[PDB]
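Okay, so we've got the same protein chain twice, two forms, each given alone as structure tokens, structure 1 and structure 2.
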Structure 1
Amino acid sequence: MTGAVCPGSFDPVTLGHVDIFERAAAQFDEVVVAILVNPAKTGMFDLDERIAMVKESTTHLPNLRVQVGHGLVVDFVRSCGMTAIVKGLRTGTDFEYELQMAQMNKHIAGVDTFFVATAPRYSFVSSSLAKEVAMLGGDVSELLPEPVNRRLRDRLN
């Protein structure tokens, strides 16, 4: 009867995220990656692209599924019939804020949040920094799954 949700904007998903997905998948019967929507623009890839990149990057995880999140994460979590959120912590993570949200979430919906440190090698990657560097000409291909690099290379060019 176990399951966990991994929420995020995944714009785009990185190998740090995938590492977290793999570890959650190894510890819970079912994992749902919840891709949060963007009110307008300001994001790099649209929802369909984000979903595709995540699905394409998680074919080796049979007990994991991708779905679009709407509203409060806790509402999505309880709609999935779960009470756990799994989030990775890495270099640049505003972990103080993650703590605030975790307790707020416990308070309003009884939902637990389990944190896990990302692998050392993916500790400095973030969707935001990967995009910034990629935009300015830097090669971040070793920090992103190939389905993402493929699309990232195409966006540019």
Structure 2
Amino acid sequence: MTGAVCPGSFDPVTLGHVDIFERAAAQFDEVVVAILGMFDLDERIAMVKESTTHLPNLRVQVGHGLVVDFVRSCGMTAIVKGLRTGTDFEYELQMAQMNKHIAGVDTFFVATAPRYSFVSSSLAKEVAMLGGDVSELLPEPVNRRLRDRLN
């Protein structure tokens, strides 16, 4: 049995994140989205859940402390995340090698879909709160809350 943990702050979750969730869900038996700010923990969870109803083998859970302890305790087998740029890679390479060193846990990376390469939660927030239309970059459950939260 295999299991991928996808860790992050998801504040908020983007269509880029969901694309990675979908791609991890097709290769692993279970996916756990581990949520480690604009939105509360509770809202971040609902946003992820409402955006992933089409993924029966995925669940969302709050995480505390080292991602590797989360992986080992819950019997998962790998960490999975997306990479957009060579700069993403150098940063994530450090964390992955450190995680391999301390716990023997492997990290698998997948390349962003080209259409979401420029998306970050932080940029989407900064733009959305200034009137920019980032609706095509985020799941509708997130768009709802941004519209409300900003009215």
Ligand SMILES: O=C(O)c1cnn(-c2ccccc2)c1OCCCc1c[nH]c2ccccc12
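Throughout, rigid core stands for the largest set of C-alpha atoms superposing within 1.5 Å between the two forms. Every residue number counts along structure 1's sequence, beginning with 1.
Visitor: Looking at both, which one would you say is the form solved in complex with this ligand?
Guide: Only structure 2 fits here, because that chain is the form solved in complex with this ligand.
Visitor: Let me spell it out: fit the two forms on their rigid core, measure each listed C-alpha, and pick the one of 112, 132, 29, 94 that moves 2 Å or more between structure 1 and structure 2. Which is it?
Guide: The displaced C-alpha is that of 94.
Visitor: After aligning on the rigid core, report the distance the C-alpha of residue 122 travels between structure 1 and structure 2, in angstrom.
Guide: Superposing on the rigid core gives a C-alpha shift of 1.1 Å for residue 122.
Visitor: Once both forms share the same rigid core frame, by what distance in Å has the CA of residue 18 shifted between structure 1 and structure 2?
Guide: So the C-alpha of this residue moves 0.1 Å.
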